[PDB]
Amino acid sequence: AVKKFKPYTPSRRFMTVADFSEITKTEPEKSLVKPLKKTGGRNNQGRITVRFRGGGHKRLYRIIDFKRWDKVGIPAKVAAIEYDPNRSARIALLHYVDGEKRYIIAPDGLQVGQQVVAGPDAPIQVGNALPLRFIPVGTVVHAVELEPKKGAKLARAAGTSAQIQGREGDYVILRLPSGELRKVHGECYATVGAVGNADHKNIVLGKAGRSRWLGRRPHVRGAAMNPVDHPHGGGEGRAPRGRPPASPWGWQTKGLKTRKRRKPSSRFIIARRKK
Amino acid sequence: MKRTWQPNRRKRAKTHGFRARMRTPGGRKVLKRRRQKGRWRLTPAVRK
RNA sequence: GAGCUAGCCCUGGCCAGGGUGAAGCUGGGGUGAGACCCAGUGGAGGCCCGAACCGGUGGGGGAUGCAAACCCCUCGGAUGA
RNA sequence: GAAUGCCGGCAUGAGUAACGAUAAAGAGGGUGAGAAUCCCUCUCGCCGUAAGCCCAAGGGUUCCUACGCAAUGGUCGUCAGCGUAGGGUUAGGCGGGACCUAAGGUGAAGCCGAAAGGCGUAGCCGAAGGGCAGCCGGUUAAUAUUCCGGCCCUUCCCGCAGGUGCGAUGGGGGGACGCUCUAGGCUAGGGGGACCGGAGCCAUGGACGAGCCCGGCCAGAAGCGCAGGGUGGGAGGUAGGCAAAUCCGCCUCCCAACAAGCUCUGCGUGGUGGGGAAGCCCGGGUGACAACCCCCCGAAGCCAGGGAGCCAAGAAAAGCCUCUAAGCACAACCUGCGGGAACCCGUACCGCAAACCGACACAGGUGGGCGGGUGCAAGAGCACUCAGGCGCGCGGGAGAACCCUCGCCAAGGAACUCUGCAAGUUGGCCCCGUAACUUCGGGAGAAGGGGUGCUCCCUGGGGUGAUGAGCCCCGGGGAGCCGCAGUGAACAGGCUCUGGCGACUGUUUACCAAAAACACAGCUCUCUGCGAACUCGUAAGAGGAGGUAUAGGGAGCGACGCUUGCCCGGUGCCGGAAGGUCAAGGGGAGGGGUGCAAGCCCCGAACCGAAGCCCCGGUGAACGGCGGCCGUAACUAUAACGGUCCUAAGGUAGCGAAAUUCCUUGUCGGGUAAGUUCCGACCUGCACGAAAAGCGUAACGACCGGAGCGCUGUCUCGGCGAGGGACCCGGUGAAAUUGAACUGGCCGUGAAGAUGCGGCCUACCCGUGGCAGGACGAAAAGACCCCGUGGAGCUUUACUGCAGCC
RNA sequence: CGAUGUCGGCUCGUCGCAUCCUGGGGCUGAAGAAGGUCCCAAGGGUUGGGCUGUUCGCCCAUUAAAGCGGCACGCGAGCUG
RNA sequence: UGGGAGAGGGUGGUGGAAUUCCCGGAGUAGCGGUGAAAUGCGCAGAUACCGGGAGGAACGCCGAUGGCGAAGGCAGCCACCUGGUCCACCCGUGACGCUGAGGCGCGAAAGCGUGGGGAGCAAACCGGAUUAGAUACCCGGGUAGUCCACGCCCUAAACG
RNA sequence: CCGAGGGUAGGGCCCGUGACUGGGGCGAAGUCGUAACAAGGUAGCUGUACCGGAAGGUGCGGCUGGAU
Ligand SMILES: CC(C)C[C@@H]1CCO[C@@H]2[C@H](CN[C@@H]2C(=O)N[C@H]2[C@H]3O[C@H](CCC/C=C\[C@H]2C)[C@H](O)[C@@H](O)[C@H]3O)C1
Ligand SMILES: [Mg+2]
Ligand SMILES: [Mg+2]
Ligand SMILES: [Mg+2]
Ligand SMILES: [Mg+2]
Ligand SMILES: [Mg+2]
Ligand SMILES: [Mg+2]
Ligand SMILES: [Mg+2]
Ligand SMILES: [Mg+2]
Ligand SMILES: [Mg+2]
Ligand SMILES: [Mg+2]
Ligand SMILES: [Mg+2]
Ligand SMILES: [Mg+2]
Ligand SMILES: [Mg+2]
Ligand SMILES: [Mg+2]
Ligand SMILES: [Mg+2]
Ligand SMILES: [Mg+2]
Ligand SMILES: [Mg+2]
Ligand SMILES: [Mg+2]
Ligand SMILES: [Mg+2]
Ligand SMILES: [Mg+2]
Ligand SMILES: [Mg+2]
Ligand SMILES: [Mg+2]
Ligand SMILES: [Mg+2]
Ligand SMILES: [Mg+2]
Ligand SMILES: [Mg+2]
Ligand SMILES: [Mg+2]
Ligand SMILES: [Mg+2]
Ligand SMILES: [Mg+2]
Ligand SMILES: [Mg+2]
Ligand SMILES: [Mg+2]
Ligand SMILES: [Mg+2]
Ligand SMILES: [Mg+2]
Ligand SMILES: [Mg+2]
Ligand SMILES: [Mg+2]
Ligand SMILES: [Mg+2]
Ligand SMILES: [Mg+2]
Ligand SMILES: [Mg+2]
Ligand SMILES: [Mg+2]
Ligand SMILES: [Mg+2]
Ligand SMILES: [Mg+2]
Ligand SMILES: [Mg+2]
Ligand SMILES: [Mg+2]
Ligand SMILES: [Mg+2]
Ligand SMILES: [Mg+2]
Ligand SMILES: [Mg+2]
Ligand SMILES: [Mg+2]
Ligand SMILES: [Mg+2]
Ligand SMILES: [Mg+2]
Ligand SMILES: [Mg+2]
Ligand SMILES: [Mg+2]
Ligand SMILES: [Mg+2]
Ligand SMILES: [Mg+2]
Ligand SMILES: [Mg+2]
Ligand SMILES: [Mg+2]
Ligand SMILES: [Mg+2]
Ligand SMILES: [Mg+2]
Ligand SMILES: [Mg+2]
Ligand SMILES: [Mg+2]
Ligand SMILES: [Mg+2]
Ligand SMILES: [Mg+2]
Ligand SMILES: [Mg+2]
Ligand SMILES: [Mg+2]
Ligand SMILES: [Mg+2]
Ligand SMILES: [Mg+2]
Ligand SMILES: [Mg+2]
Ligand SMILES: [Mg+2]
Ligand SMILES: [Mg+2]
Ligand SMILES: [Mg+2]
Ligand SMILES: [Mg+2]
Ligand SMILES: [Mg+2]
Ligand SMILES: [Mg+2]
Ligand SMILES: [Mg+2]
Ligand SMILES: [Mg+2]
Ligand SMILES: [Mg+2]
Ligand SMILES: [Mg+2]
Ligand SMILES: [Mg+2]
Ligand SMILES: [Mg+2]
Ligand SMILES: [Mg+2]
Ligand SMILES: [Mg+2]
Ligand SMILES: [Mg+2]
Ligand SMILES: [Mg+2]
Ligand SMILES: [Mg+2]
Ligand SMILES: [Mg+2]
Ligand SMILES: [Mg+2]
Ligand SMILES: [Mg+2]
Ligand SMILES: [Mg+2]
Ligand SMILES: [Mg+2]
Ligand SMILES: [Mg+2]
Ligand SMILES: [Mg+2]
Ligand SMILES: [Mg+2]
Ligand SMILES: [Mg+2]
Ligand SMILES: [Mg+2]
Ligand SMILES: [Mg+2]
Ligand SMILES: [Mg+2]
Ligand SMILES: [Mg+2]
Ligand SMILES: [Mg+2]
Ligand SMILES: [Mg+2]
Ligand SMILES: [Mg+2]
Ligand SMILES: [Mg+2]
Ligand SMILES: [Mg+2]
Ligand SMILES: [Mg+2]
Ligand SMILES: [Mg+2]
Ligand SMILES: [Mg+2]
Ligand SMILES: [Mg+2]
Ligand SMILES: [Mg+2]
Ligand SMILES: [Mg+2]
Ligand SMILES: [Mg+2]
Ligand SMILES: [Mg+2]
Ligand SMILES: [Mg+2]
Ligand SMILES: [Mg+2]
Ligand SMILES: [Mg+2]
Ligand SMILES: [Mg+2]
Ligand SMILES: [Mg+2]
Ligand SMILES: [Mg+2]
Ligand SMILES: [Mg+2]
Ligand SMILES: [Mg+2]
Ligand SMILES: [Mg+2]
Ligand SMILES: [Mg+2]
Ligand SMILES: [Mg+2]
Ligand SMILES: [Mg+2]
Ligand SMILES: [Mg+2]
Ligand SMILES: [Mg+2]
Ligand SMILES: [Mg+2]
Ligand SMILES: [Mg+2]
Ligand SMILES: [Mg+2]
Ligand SMILES: [Mg+2]
Ligand SMILES: [Mg+2]
Ligand SMILES: [Mg+2]
Ligand SMILES: [Mg+2]
Ligand SMILES: [Mg+2]
Ligand SMILES: [Mg+2]
Ligand SMILES: [Mg+2]
Ligand SMILES: [Mg+2]
Ligand SMILES: [Mg+2]
Ligand SMILES: [Mg+2]
Ligand SMILES: [Mg+2]
Ligand SMILES: [Mg+2]
Ligand SMILES: [Mg+2]
Ligand SMILES: [Mg+2]
Ligand SMILES: [Mg+2]
Ligand SMILES: [Mg+2]
Ligand SMILES: [Mg+2]
Ligand SMILES: [Mg+2]
Ligand SMILES: [Mg+2]
Ligand SMILES: [Mg+2]
Ligand SMILES: [Mg+2]
Ligand SMILES: [Mg+2]
Ligand SMILES: [Mg+2]
Ligand SMILES: [Mg+2]
Ligand SMILES: [Mg+2]
Ligand SMILES: [Mg+2]
Ligand SMILES: [Mg+2]
Ligand SMILES: [Mg+2]
Ligand SMILES: [Mg+2]
Ligand SMILES: [Mg+2]
Ligand SMILES: [Mg+2]
Ligand SMILES: [Mg+2]
Ligand SMILES: [Mg+2]
Ligand SMILES: [Mg+2]
Ligand SMILES: [Mg+2]
Ligand SMILES: [Mg+2]
Ligand SMILES: [Mg+2]
Ligand SMILES: [Mg+2]
Ligand SMILES: [Mg+2]
Ligand SMILES: [Mg+2]
Ligand SMILES: [Mg+2]
Ligand SMILES: [Mg+2]
Ligand SMILES: [Mg+2]
Ligand SMILES: [Mg+2]
Ligand SMILES: [Mg+2]
Ligand SMILES: [Mg+2]
Ligand SMILES: [Mg+2]
Ligand SMILES: [Mg+2]
Ligand SMILES: [Mg+2]
Ligand SMILES: [Mg+2]
Ligand SMILES: [Mg+2]
Ligand SMILES: [Mg+2]
Ligand SMILES: [Mg+2]
Ligand SMILES: [Mg+2]
Ligand SMILES: [Mg+2]
Ligand SMILES: [Mg+2]
Ligand SMILES: [Mg+2]
Ligand SMILES: [Mg+2]
Ligand SMILES: [Mg+2]
Ligand SMILES: [Mg+2]
Ligand SMILES: [Mg+2]
Ligand SMILES: [Mg+2]
Ligand SMILES: [Mg+2]
Ligand SMILES: [Mg+2]
Ligand SMILES: [Mg+2]
Ligand SMILES: [Mg+2]
Ligand SMILES: [Mg+2]
Ligand SMILES: [Mg+2]
Ligand SMILES: [Mg+2]
Ligand SMILES: [Mg+2]
Ligand SMILES: [Mg+2]
Ligand SMILES: [Mg+2]
Ligand SMILES: [Mg+2]
Ligand SMILES: [Mg+2]
Ligand SMILES: [Mg+2]
Ligand SMILES: [Mg+2]
Ligand SMILES: [Mg+2]
Ligand SMILES: [Mg+2]
Ligand SMILES: [Mg+2]
Ligand SMILES: [Mg+2]
Ligand SMILES: [Mg+2]
Ligand SMILES: [Mg+2]
Ligand SMILES: [Mg+2]
Ligand SMILES: [Mg+2]
Ligand SMILES: [Mg+2]
Ligand SMILES: [Mg+2]
Ligand SMILES: [Mg+2]
Ligand SMILES: [Mg+2]
Ligand SMILES: [Mg+2]
Ligand SMILES: [Mg+2]
Ligand SMILES: [Mg+2]
Ligand SMILES: [Mg+2]
Ligand SMILES: [Mg+2]
Ligand SMILES: [Mg+2]
Ligand SMILES: [Mg+2]
Ligand SMILES: [Mg+2]
Ligand SMILES: [Mg+2]
Ligand SMILES: [Mg+2]
Ligand SMILES: [Mg+2]
Ligand SMILES: [Mg+2]
Ligand SMILES: [Mg+2]
Ligand SMILES: [Mg+2]
Ligand SMILES: [Mg+2]
Ligand SMILES: [Mg+2]
Ligand SMILES: [Mg+2]
Ligand SMILES: [Mg+2]
Ligand SMILES: [Mg+2]
Ligand SMILES: [Mg+2]
Ligand SMILES: [Mg+2]
Ligand SMILES: [Mg+2]
Ligand SMILES: [Mg+2]
Ligand SMILES: [Mg+2]
Ligand SMILES: [Mg+2]
Ligand SMILES: [Mg+2]
Ligand SMILES: [Mg+2]
Ligand SMILES: [Mg+2]
Ligand SMILES: [Mg+2]
Ligand SMILES: [Mg+2]
Ligand SMILES: [Mg+2]
Ligand SMILES: [Mg+2]
Ligand SMILES: [Mg+2]
Ligand SMILES: [Mg+2]
Ligand SMILES: [Mg+2]
Ligand SMILES: [Mg+2]
Ligand SMILES: [Mg+2]
Ligand SMILES: [Mg+2]
Ligand SMILES: [Mg+2]
Ligand SMILES: [Mg+2]
Ligand SMILES: [Mg+2]
């Protein structure tokens, strides 16, 4: 439930913020954080390799458990739900009956005080993790490993899910958040339910400074630049593109497909995304 | 106004110093050249 | 060569005083319950006025200068990108 | 003898400009060969959120003392940051190191690269971050938390006693964190005192006073007091914290809970050790057995790791505490007490500046702390002032033009001008009051007005205290007094109406553009299934992201509202297992050279044979593009209508002489006495038009237009006055430029604009202040324009290559 | 072309006369008054404003008249810009 | 108090037929469409047939001249939550009633905002025919929308 | 003191008028088409939406005031 403001500054007219209503704990777990080393988009050479980054609020990284087959059979209690600034999802603090503590990304519907569990036998309940083969067709599912034991890779951002469509030998067929149909091995783990915080996409940043807080530095249009800089640079007055629209490096940027043609994963992609 | 020379002893030593020079091929050719020329000092003086 | 300048990274520091009075909360009214209204409390914001600090709008002066970009008056921002 | 030649010397300009903030000087007395300039004293002025004081950096002896004055000092110089010499910087506790980690750097392992080298987990280095023990006073010409004094403290070694399963680089806890707002209690700091201490003072009309003037503290171990921080205790289980674990985490049970206890800080007290003014007398001595007390104000600092709210969600590692592992338990570690031990480097001085960065003793630039009092609503604003520091290293006259900076002005009031440029006006606070329109916030300080000092009297509330007094803070009512004037000085909006552009706050061409440009939230297209795409790199490896389609890249558009039409023939991109073309390679019909021959050696057709291209489709918020002629209505005019040619399709809504309209000052209307601008309309739009978005839009703007009111030296039209210069005298003394010069006017002539030629006219020799017509004056080997088979940036369906991709 | 600064304004003039006014004439289709046309004449004079960068031009209100030209389209080591 | 019928309303679930598209197989020269055609689709293998999959929307027979609601309107099947209404018995209250300017709520379709969804259908639009024209009627395409959530809009031959 | 009124500044209702612009009424014999009344040659009407020289056409849902 995104929250509005009265228009008492020009920018509060349109600013919306998350309601933060599922959050129940407002400082993280000391043993599960580490410093997130900001890059500015610079690589080990120090060169910018991703333009327009830097300057955002300071953050700590929260270690997230993306395996969960780490602890087959051991139930945990949902202790807290917390804001995580490194991702759109919220995160859930788990107390295993072990004494071990761990975060997961917080599915939609998940209540503090409930129990979750992982394994080939776990109940089909929002929060549990099973290899894909043991999850019934039609189940909405998130945090999917893409290859066995390699970590959850697909459907992690706020509000997303994948749907189990059918089975085929050792593989199941998932409809990813992009609408692609893909074969994912049945031993790959997945968590039952969708990712929470589905209202995330409706937040209106509202002012330029807000992008700044997120570490987004201003984006400069090529049409604003000079020819030393960009295909679209130059021109007396404004100018239309005057050539197929292009990136700073000269490749075409309206339609041109970019997935490598001969990639081994093609065999496992039934149908490219839609829309 | 603020001019270009803003002295700083650490900066001077870490940039032009004898050890900075010894660490790279080109720095060594500096040391070798100023030696062959007979420079009284091969590297800037900073108090440290 | 980034001791000037541009960006970013790490770690610190700084922003007199005054003004406006959001949400919420409390009470009152209201209704079947409500929305909502009223008063109090409250103290938000690339909010307002103005020093420091950061600027450099208009004019005047300077023009073998006090100065290879300065001076005077005026003017912009001043909790924030 | 010339090369705007090169190096050096020396001229001219010239006793000329200038002598570096307009804060400012005067006199007496010293010293000395010499004094506006050095020392001393008295008077005057300037700073005082500094122009005072303390740190950091950077500088590097510039510090203090004696002796100097050639040069340096914009003059002088006896003086000096100058010259010569001597002296001066003292630490277990301050800062850095023998501690810790951050970015980063480096780098066992390991990876990659023709060489050089590039990476890289650990580890190591790396601080202004963490961590750690010293406060007050005195002393020196010059150092002092360093010496000395007083009172405190840290670690290491060894020993004594007492206690304990001791023991680590390993486990755990803690260290440990944001932004805004903020409670209580203190402290710093400050104001007052009719109280306490003090040398004195009574003046010029009055005052011997509850008079004036000065001062009334600082540090302190334990203990105690006030105020705060941090913290539950016990038991049972246990599979997690990469071994172990009694610790930690997790479940349970009992007890404790706004507490308390324990613990640690801050403040107060505190044995004791210090300090201690005016004034007077020669830094010192006295004051002085100095006094050292009450009340008020009160932090942004302290208690602190405090509290609340919020979203953008806020370092690490060590110190330290706890757990145990090897081991060892004659040890070891914990506590207490005692003796002993405690190294290296810095420390002078300048430090918003004459010692640092700017070639200079340069009106510029330089981070942190302190920064007193009064009044003005507040304040670090402004005025004056304390402490403290200065008068800016040329002066003396004079009282022209002209220039700068400043003050005033009769009548008029924008008539000035490209333009009210500039300067007036307005101006703080309290109260009354306030429009269109609006996104309901705003527009708003709208506009416009009234009040403002002082004195007496009456009175309401708050803080401290005690519920009172006193002190302090907010007021309310009545009656008066004075002046031209009561924010009486200083600091302190002119306002309105109406268009264009851009939503907005922001950003920019360092040093001629701040804007309508860039950015911006927001919208759309498109790529990307993760060893993502994309980017940097030969690579390894990085970024993307310890992210995962509600995400990441690219591109256009640019809040918001209402909207965004038609064309897919060309180009782009997307889809198409057919067809056509298609390289190496396959295949080998058929040839050929040579050899006696076996053979060796070469050429070689059909046919099979990728991507690309052709071809068939799709696609516009992809590149783009969106017609011509002729006719027609019962007045005329004009054509709803028709005809025909062409196209891939013929510009929709909306707007329109426009930031676009050539003809053009279109035409009409408004405003004006008068309007090439402005505003409103019309529409034959030379040459608008829908995300290079179209049309609007409240608010916003040092943006660009137009108008009005207010007010003015802008102006009719100038006048006077101030100060700094100009001028004169003493001191110091440049500059570009310069073929040489004994360098007039006219009319002609001349390479076509003559001081220099011809003819005439005029004219004694040499300066000083002034003005700028000429010397085609200076400056800069024209930046316009051309030329050179000169250069460089940029573009593309120019050529030809290359990376990259297929 | 080893630089002869360029439009408009402002300020300051000075010159020519093909004369706008003022003075003197002749002719008139000159009754008077007031005009027209030509001749002589350069002594003096030749306004303020609205529009535009403008020169120019148009307009408003006046005037005896609101002249036209030269001086590097006079004048940037005089200003503006 | 005891009983009744009912597409009354809201939530969640879920079942078969059909259309479309995708994959496999089998098969070949046309399919589609009309008054007739043409555009369109098809040897790059369509149509017609069989198997598998995906997804949305509507619920055939029952079904009626029926039923329920105040109206608008309500139709597979199931569970749950909920309104109205009628009958019986003659038990309770003792006129507590009728209407109702304002007010408040509900209100087909279309339309609007923010998300989603999108099979079929289909304003706009393109094309093919017809025609003097044909900005139509007919045919081949096709975007909003038609569907879901929440919020608006508040009209009607909202009629008996 | 109050006070007719005069002045300043800002609002509110009304009337008159205004380049140009919007439809509306009317007008003996204008131009275009033929939407409606018959099944009016596509039953008509309707609320709304979008489009078009014009009447109108089409979508969605409604009515019979529809024929056979
Ligand atoms: C239609 C025109 C274009 C005709 C054209 C006008 C330009 O000039 C003139 C050209 C003809 N020559 C002139 C010239 O070069 N003059 C120059 C001046 O440069 C300085 C003054 C400021 C700059 C101005 C001008 C530049 C070019 C310098 O002080 C002066 O001595 C002088 O050098 C004609
Ligand atoms: Mg809002
Ligand atoms: Mg609102
Ligand atoms: Mg939440
Ligand atoms: Mg940690
Ligand atoms: Mg990283
Ligand atoms: Mg690195
Ligand atoms: Mg490197
Ligand atoms: Mg990039
Ligand atoms: Mg970047
Ligand atoms: Mg993310
Ligand atoms: Mg989150
Ligand atoms: Mg797999
Ligand atoms: Mg978004
Ligand atoms: Mg951020
Ligand atoms: Mg963005
Ligand atoms: Mg941009
Ligand atoms: Mg550009
Ligand atoms: Mg540009
Ligand atoms: Mg470049
Ligand atoms: Mg290029
Ligand atoms: Mg290019
Ligand atoms: Mg271009
Ligand atoms: Mg351009
Ligand atoms: Mg252009
Ligand atoms: Mg440009
Ligand atoms: Mg374009
Ligand atoms: Mg183009
Ligand atoms: Mg291109
Ligand atoms: Mg895909
Ligand atoms: Mg600078
Ligand atoms: Mg240094
Ligand atoms: Mg340093
Ligand atoms: Mg440095
Ligand atoms: Mg280096
Ligand atoms: Mg070095
Ligand atoms: Mg080498
Ligand atoms: Mg070597
Ligand atoms: Mg030597
Ligand atoms: Mg060197
Ligand atoms: Mg520096
Ligand atoms: Mg900071
Ligand atoms: Mg501030
Ligand atoms: Mg106020
Ligand atoms: Mg209030
Ligand atoms: Mg609250
Ligand atoms: Mg602000
Ligand atoms: Mg204000
Ligand atoms: Mg300036
Ligand atoms: Mg500046
Ligand atoms: Mg000015
Ligand atoms: Mg200059
Ligand atoms: Mg200045
Ligand atoms: Mg000023
Ligand atoms: Mg301000
Ligand atoms: Mg402020
Ligand atoms: Mg010669
Ligand atoms: Mg020379
Ligand atoms: Mg030469
Ligand atoms: Mg020379
Ligand atoms: Mg010599
Ligand atoms: Mg010389
Ligand atoms: Mg000489
Ligand atoms: Mg000479
Ligand atoms: Mg001389
Ligand atoms: Mg002289
Ligand atoms: Mg001279
Ligand atoms: Mg000079
Ligand atoms: Mg000078
Ligand atoms: Mg000054
Ligand atoms: Mg002055
Ligand atoms: Mg004197
Ligand atoms: Mg002297
Ligand atoms: Mg002397
Ligand atoms: Mg002096
Ligand atoms: Mg002296
Ligand atoms: Mg002061
Ligand atoms: Mg030095
Ligand atoms: Mg000397
Ligand atoms: Mg001498
Ligand atoms: Mg001397
Ligand atoms: Mg000297
Ligand atoms: Mg000097
Ligand atoms: Mg002497
Ligand atoms: Mg010394
Ligand atoms: Mg010591
Ligand atoms: Mg040692
Ligand atoms: Mg280092
Ligand atoms: Mg340190
Ligand atoms: Mg101490
Ligand atoms: Mg913590
Ligand atoms: Mg932390
Ligand atoms: Mg920290
Ligand atoms: Mg914040
Ligand atoms: Mg104290
Ligand atoms: Mg005080
Ligand atoms: Mg004490
Ligand atoms: Mg255990
Ligand atoms: Mg004393
Ligand atoms: Mg004594
Ligand atoms: Mg502070
Ligand atoms: Mg603290
Ligand atoms: Mg706290
Ligand atoms: Mg670390
Ligand atoms: Mg053992
Ligand atoms: Mg033993
Ligand atoms: Mg112990
Ligand atoms: Mg040692
Ligand atoms: Mg020292
Ligand atoms: Mg300064
Ligand atoms: Mg300072
Ligand atoms: Mg000094
Ligand atoms: Mg000086
Ligand atoms: Mg200076
Ligand atoms: Mg004081
Ligand atoms: Mg004040
Ligand atoms: Mg002076
Ligand atoms: Mg000064
Ligand atoms: Mg004189
Ligand atoms: Mg005055
Ligand atoms: Mg006057
Ligand atoms: Mg006036
Ligand atoms: Mg006036
Ligand atoms: Mg004017
Ligand atoms: Mg004022
Ligand atoms: Mg108004
Ligand atoms: Mg109003
Ligand atoms: Mg208005
Ligand atoms: Mg408006
Ligand atoms: Mg309003
Ligand atoms: Mg006012
Ligand atoms: Mg009064
Ligand atoms: Mg008075
Ligand atoms: Mg103001
Ligand atoms: Mg703007
Ligand atoms: Mg702009
Ligand atoms: Mg705009
Ligand atoms: Mg806008
Ligand atoms: Mg701002
Ligand atoms: Mg520039
Ligand atoms: Mg500039
Ligand atoms: Mg420059
Ligand atoms: Mg400028
Ligand atoms: Mg500009
Ligand atoms: Mg600006
Ligand atoms: Mg820009
Ligand atoms: Mg914008
Ligand atoms: Mg937009
Ligand atoms: Mg989108
Ligand atoms: Mg590359
Ligand atoms: Mg590469
Ligand atoms: Mg290589
Ligand atoms: Mg990473
Ligand atoms: Mg992006
Ligand atoms: Mg932009
Ligand atoms: Mg915008
Ligand atoms: Mg096309
Ligand atoms: Mg096509
Ligand atoms: Mg195409
Ligand atoms: Mg293709
Ligand atoms: Mg091929
Ligand atoms: Mg084109
Ligand atoms: Mg084209
Ligand atoms: Mg349209
Ligand atoms: Mg027009
Ligand atoms: Mg326009
Ligand atoms: Mg145009
Ligand atoms: Mg025009
Ligand atoms: Mg024109
Ligand atoms: Mg006109
Ligand atoms: Mg008019
Ligand atoms: Mg107009
Ligand atoms: Mg016209
Ligand atoms: Mg354009
Ligand atoms: Mg517009
Ligand atoms: Mg607007
Ligand atoms: Mg509107
Ligand atoms: Mg602006
Ligand atoms: Mg502006
Ligand atoms: Mg005006
Ligand atoms: Mg004047
Ligand atoms: Mg004077
Ligand atoms: Mg004389
Ligand atoms: Mg002299
Ligand atoms: Mg001298
Ligand atoms: Mg000669
Ligand atoms: Mg001569
Ligand atoms: Mg001469
Ligand atoms: Mg002469
Ligand atoms: Mg000639
Ligand atoms: Mg001549
Ligand atoms: Mg002559
Ligand atoms: Mg001659
Ligand atoms: Mg001669
Ligand atoms: Mg001759
Ligand atoms: Mg001659
Ligand atoms: Mg002669
Ligand atoms: Mg003569
Ligand atoms: Mg003279
Ligand atoms: Mg002279
Ligand atoms: Mg001259
Ligand atoms: Mg000349
Ligand atoms: Mg010449
Ligand atoms: Mg000349
Ligand atoms: Mg020059
Ligand atoms: Mg040259
Ligand atoms: Mg040349
Ligand atoms: Mg040149
Ligand atoms: Mg140039
Ligand atoms: Mg030429
Ligand atoms: Mg050539
Ligand atoms: Mg040639
Ligand atoms: Mg060439
Ligand atoms: Mg080149
Ligand atoms: Mg190559
Ligand atoms: Mg690529
Ligand atoms: Mg020339
Ligand atoms: Mg020359
Ligand atoms: Mg020239
Ligand atoms: Mg020259
Ligand atoms: Mg003038
Ligand atoms: Mg007559
Ligand atoms: Mg005359
Ligand atoms: Mg004349
Ligand atoms: Mg004119
Ligand atoms: Mg003209
Ligand atoms: Mg005209
Ligand atoms: Mg007359
Ligand atoms: Mg003339
Ligand atoms: Mg001419
Ligand atoms: Mg001409
Ligand atoms: Mg001229
Ligand atoms: Mg001129
Ligand atoms: Mg000039
Ligand atoms: Mg000029
Ligand atoms: Mg000149
Ligand atoms: Mg001149
Ligand atoms: Mg000249
Ligand atoms: Mg075929
Ligand atoms: Mg075939
Ligand atoms: Mg589907
Ligand atoms: Mg009964
Ligand atoms: Mg409705
Ligand atoms: Mg509907
Ligand atoms: Mg057609
Ligand atoms: Mg026909
Ligand atoms: Mg559709
Ligand atoms: Mg009916
Ligand atoms: Mg009267
Ligand atoms: Mg007719
Ligand atoms: Mg009909
Ligand atoms: Mg009909
Ligand atoms: Mg018909
Ligand atoms: Mg019909
Ligand atoms: Mg139609």
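The chains referred to below are lettered A, B, ... by the order of the sequence lines, with proteins before strands, and numbering in each begins at 1. We use all heavy atoms of the structure for the numbers below, so side chains are in, but hydrogens, waters and symmetry mates are not.
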Each nucleotide N or O in nucleotides 613-622 of chain D that has a protein N or O under 3.5 Å away: list the pair and distance.
{"residue": "D/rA622", "atom": "OP2", "partner": "A/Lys254", "partner atom": "NZ", "Å": "2.8"}

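D/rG178 and D/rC157 have their P atoms separated by 39 Å, given to the nearest Å. Remark: the separation of the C1' atoms in D/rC504 and D/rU697 is 13 Å, to the nearest Å. Spacing of P atoms, G/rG52 relative to F/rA136, comes out at 10 Å, to the nearest Å.
A pairwise comparison of heavy atoms in A/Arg13 and A/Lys4 identifies O-NZ, 3.5 Å as the closest pair.
Using a 4.0 Å heavy-atom distance criterion, B/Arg28 is classed as a sugar-phosphate-only contact. Looking at heavy-atom distances under 4.0 Å, B/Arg12 makes contact with a base.
Interface remark: the A/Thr9 side chain does not form any donor-acceptor pair with the C/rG45 base, using a distance-only criterion of under 3.5 Å. Side-chain atoms of A/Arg212 stay outside donor-acceptor range of the base of C/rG46, with no qualifying N/O pair under 3.5 Å.
A/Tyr83 and A/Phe20 have perpendicular rings, their planes meeting at more than 60° on a 0 to 90° scale where under 30° would count as parallel.
The side chain of A/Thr253 lies closest to D/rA555 when the candidates are D/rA555, D/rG441, D/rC536.
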